[PDB]
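Visitor: below: the sequence, then the experimentally determined structure.
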Amino acid sequence: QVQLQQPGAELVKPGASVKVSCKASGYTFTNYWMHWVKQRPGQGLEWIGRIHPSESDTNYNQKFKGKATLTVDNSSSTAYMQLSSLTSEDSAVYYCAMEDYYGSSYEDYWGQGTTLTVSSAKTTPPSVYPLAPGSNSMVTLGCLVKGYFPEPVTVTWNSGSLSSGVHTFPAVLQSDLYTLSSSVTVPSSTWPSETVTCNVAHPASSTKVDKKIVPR
Amino acid sequence: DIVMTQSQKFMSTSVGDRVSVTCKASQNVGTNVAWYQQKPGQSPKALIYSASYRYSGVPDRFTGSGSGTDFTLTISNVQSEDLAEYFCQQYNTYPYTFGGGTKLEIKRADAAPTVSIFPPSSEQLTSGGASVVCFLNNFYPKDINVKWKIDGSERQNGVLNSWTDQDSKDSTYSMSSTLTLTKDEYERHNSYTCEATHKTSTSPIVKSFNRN
Ligand SMILES: CCC(=O)N(c1ccccc1)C1CCN(CCc2ccccc2)CC1
């Protein structure tokens, strides 16, 4: 197996530049093309270009010439995408991706995607609030993740070991701040008896917060 | 550039049925065509390369066909976890280009919403705000309305709503409604109610608490 590690978010001011990293492990870095893809919120996919780490041969989408520059560092098995003269049209999720061959098929690997937000606003970490039923077979708990900027936030429950019965809602932007919520439904025999905790990560602010849901 | 066209942005099917997503290239791309699946909040995942070969671990329910300009991704024995956007792509000529995507929707039986209401946490109240949250979960079909009442009176401002895509396990929808007030406003009133109207009930489905 193979990991491509990308930072979750970059907040950069209009006109500045950004260099997004894609650190690879689990395969021979210099043997495979590394591809880059852009996806604007709720929109389709755009191919930026590809780079081969052996000698940094590149093929670009002409529409990104002068905007995107692809490079590699073989000493750290890292691929980079630099974006110059940033505008709001650059705000998007950027993926790196490669594929290799095993058995009788290709297998692809992707980075988690870097959410680039081009804005002069400041980073604002979320406030994480527990949702416990005030004083049945199943019980619903939740987590209110309020007032953060920029996107994204990711939510887990019990560090990911609680994955069934979860609904995590898309964020809504209001007064320049995002808010989202997550609910989890569990058997009433397991909570409060067993602990239920929402884990909330806001990569732009380097925050990871755990909130135990305790009964009211 | 070569334009890849998917002319059905949405296709509706049922679990166990067969669905075929079509894709047309503006010029001949041979078999240098790939198909991808993308679920909400997730990177794309390759399904098909060379127009008809499955990527590693892709279920044999996924088949690809076509050569030249007309390509088809066929999903047999559709499963609830196939809920996703599907993209075609040519890599015959630079730049590589993607179709616009086709979203798979799954028909299922009606399901009434499970409603839960939550008061502001003491953690939020310590800094002067107060959000009341209502989850309307696991309902079908997607059409639903939510109404907030404070001491019996309808409240419209300060409400923010968010909806999930169809659930990967049971193909239902869920919705979250958040009424945000000031701590001072919240403490002037006692009864807080969220009411859902959905086709599965001729009366509103309601949940309440009293700040008591
Ligand atoms: C969006 C990036 C992209 O375009 N791709 C991709 C996807 C995932 C991860 C890495 C790259 C292509 C996927 C299809 N491959 C085909 C390989 C091939 C060539 C000749 C015969 C047989 C197979 C080319 C690269």
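Guide: Received, thanks. Residues are numbered from 1 along each chain as shown, chains lettered A, B, ... in the order given.
Visitor: so who does the nearest residue to residue A:141 once chain neighbours are set aside touch?
Guide: Nearest residue to residue A:141 in three dimensions, chain neighbours excluded: residue A:213, at 4.7 Å (C-beta to C-beta, 6 or more residues apart in numbering or on different chains). Bear in mind the C-beta positions are built from the backbone N, C-alpha and C, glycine included. Shown in contact with residue A:213 (C-beta atoms under 8 Å, 6 or more residues apart in numbering or on different chains): A:130, A:131, A:132, A:141, A:142, A:143, A:191, A:196, A:197, A:198.
Visitor: could I get those residues in TSV, plus columns for neighbour count and secondary structure?
Guide: Shown next, in TSV, are the contacts of residue A:213 (neighbours: other C-beta atoms under 10 Å in any protein chain shown; DSSP: H, G, I helix; E, B strand; the rest coil):
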residue	neighbour count	secondary structure
A:130	21	strand
A:131	26	strand
A:132	19	coil
A:141	25	strand
A:142	28	strand
A:143	26	strand
A:191	20	coil
A:196	21	coil
A:197	17	strand
A:198	29	strand
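Visitor: burial count for residue B:12?
Guide: 12 (other C-beta atoms under 10 Å in any protein chain shown).
Visitor: against residue A:40, how distant is the residue nearest to residue A:141?
Guide: For residue A:213, the distance to residue A:40 equals 35 Å [C-beta to C-beta, to the nearest Å].
Visitor: repeat that for residue B:67.
Guide: Separation of residue B:67 from residue A:40 (C-beta to C-beta): 31 Å.
Visitor: which residues does the nearest residue to residue A:60 once chain neighbours are set aside bridge with?
Guide: Take residue A:60 and drop its neighbours on the chain: the residue closest to it by C-beta to C-beta, 6+ apart is residue A:49, 4.0 Å away. Beta-bridge partners of residue A:49, counted by DSSP bridges, are residue A:36, residue A:60.
Visitor: dump the residue contacts of residue A:49.
Guide: A:35, A:36, A:58, A:59, A:60, A:61, A:64, A:68, A:70, B:95.
Visitor: repeat that for 10 Å
Guide: A:33-37, A:58-65, A:68-70, A:81, B:94-96 (C-beta atoms under 10 Å, 6 or more residues apart in numbering or on different chains).
Visitor: just the ones of those in strands?
Guide: Mapping the contacts of residue A:49 onto strands (DSSP state E) picks out A:34, A:35, A:36, A:37, A:58, A:59, A:60, A:68, A:69, A:70, A:81.
Visitor: so which of those comes closest to chain B?
Guide: Nearest to chain B among the ones in strands among the contacts of residue A:49: residue A:59, at 5.8 Å, using C-beta to the nearest C-beta.
Visitor: settle this for me: that closest one is touching residue A:34, isn't it.
Guide: No. Using C-beta atoms under 10 Å, residue A:59 is not in contact with residue A:34, being 11.6 Å away.
Visitor: where does chain A come near the ligand, residue by residue?
Guide: Within chain A, the positions lying close to the ligand (C-beta under 6 Å from any ligand atom) are A:35, A:37, A:47, A:97, A:98, A:99, A:108.
Visitor: what's across from the fourth one in the sheet?
Guide: By that I understand residue A:97. Here residue A:97 sits in beta bridges with residue A:35, residue A:110, going by DSSP bridges.
Visitor: residue B:145 now?
Guide: With DSSP bridges as the rule, residue B:145 is bridged to residue B:197.
Visitor: for residue 168, which non-adjacent residue is closest in space?
Guide: No chain was given, so I picked chain A. residue A:182 (4.2 Å).
Visitor: the chain in question should be chain B.
Guide: residue B:81 is the one closest to residue B:168 (C-beta to C-beta, 6+ apart), at 4.9 Å.
Visitor: since we're on residue A:24, how many residues are nearby?
Guide: 23.
Visitor: spatially nearest residue to it, not counting backbone neighbours?
Guide: residue A:77 (4.8 Å).
Visitor: what does chain B put close to the ligand?
Guide: Taking C-beta under 6 Å from any ligand atom as the measure of proximity, chain B contacts the ligand at B:34, B:46, B:49, B:50, B:91, B:96.
Visitor: domain parsing for the chain?
Guide: I'll assume chain A. A:3-118, A:127-213 (curated CATH domains).
Visitor: let's do chain B instead
Guide: Using curated CATH domains, chain B is parsed into the domains B:4-98, B:114-210.
Visitor: so for residue A:156, which of those domains sits nearest?
Guide: domain B:4-98 (12.1 Å; C-beta to C-beta).
Visitor: what separates the closest one from the chain centre, distance-wise?
Guide: Relative to the centre of its chain, domain B:4-98 is centred 19 Å away, using C-alpha atoms, centre = their mean, to the nearest Å.
Visitor: for residue B:110, give me its contacts.
Guide: So residue B:110 contacts B:139, B:140, B:141, B:172, B:198, B:199, B:200 (C-beta under 10 Å, 6+ apart).
Visitor: the same query, at a cut-off of 7 Å, please.
Guide: Shown in contact with residue B:110 (C-beta atoms under 7 Å, 6 or more residues apart in numbering or on different chains): B:140, B:141, B:199, B:200.
Visitor: and the closest residue to the first one other than its chain neighbours, how close does it get to residue B:200?
Guide: The one in question is residue B:140. Nearest non-adjacent residue to residue B:140, counting by C-beta to C-beta, 6+ apart: residue B:111, 4.2 Å away. Shown here: residue B:111 relative to residue B:200, a distance of 7 Å by C-beta to C-beta.
Visitor: please apply the same query to residue B:3.
Guide: With C-beta to C-beta as the criterion, residue B:3 and residue B:200 are 43 Å apart.
Visitor: now swap in residue A:11 and tell me
Guide: For residue A:11, the distance to residue B:200 - C-beta to C-beta - is 43 Å.
Visitor: so those two - more neighbours on which side?
Guide: Legend: neighbour count by other C-beta under 10 Å for residue A:11 and residue B:200, higher for residue A:11 (19 against 15).
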